[PDB]
């Protein structure tokens, strides 16, 4: 059975500099492999941001990174696919693609075609019980959040596993049970960013 892995996708850790840098750090690995000179600190400054709480309203991770990307000592959450995609486009205006809502199989096609995929999921890589989520009210409707939110680069798959770069795990070798992985991914909104080989 077909085992695919993009084992030369660069490896970066969010810590120590970015307590909440999993999205920008995964994005950095993706951009580097695509040929862009960039580091996680530049991306951390460039990502669109929204206040954690303002005028009694919580920030929407669909609008920007919510709160403090740098330090756990201040409130913060993360950022979802929209703003994260806009940042990718700054660097790949003609190749960056938002695969959010497509099927897992599309993502595997991307990887097999040689393009790794940044994905939003949760830190356990398995579906979470409903009571693990909160609903925040924002200026743009309700959003489901979990403080388990995490972001990694999909770099490979086999029949039983997927293979990732996890900006919080100090290792080139991270595989997790495929099925649970996919269900966790779908549960967080099927959010995914990649790019294509040639300009569009």
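Positions refer to the first chain, counted from 1.
For the pair 5 to 13 and 173 to 181, the record assigns the higher mean C-alpha temperature factor to 173 to 181. In this entry, the higher average B-factor at the C-alpha atoms falls on 158 to 166, of the pair 31 to 39 and 158 to 166.
Ranking 26, 135, 45, 68 by Cα temperature factor from the entry places 135 first. In the PDB entry, a CA B factor belonging to the lowest third of its chain's modelled residues is recorded for residue 64. Among all modelled residues in this chain, the alpha-carbon of residue 143 has a temperature factor (C-alpha) in the highest third. Among the modelled residues of the chain, residue 127 sits in the highest third by CA temperature factor in this PDB entry. Among the modelled residues of the chain, residue 104 sits in the highest third by CA temperature factor in this PDB entry. Annotation for residue 153: C-alpha temperature factor in the lowest third relative to the rest of the modelled chain, per the entry.
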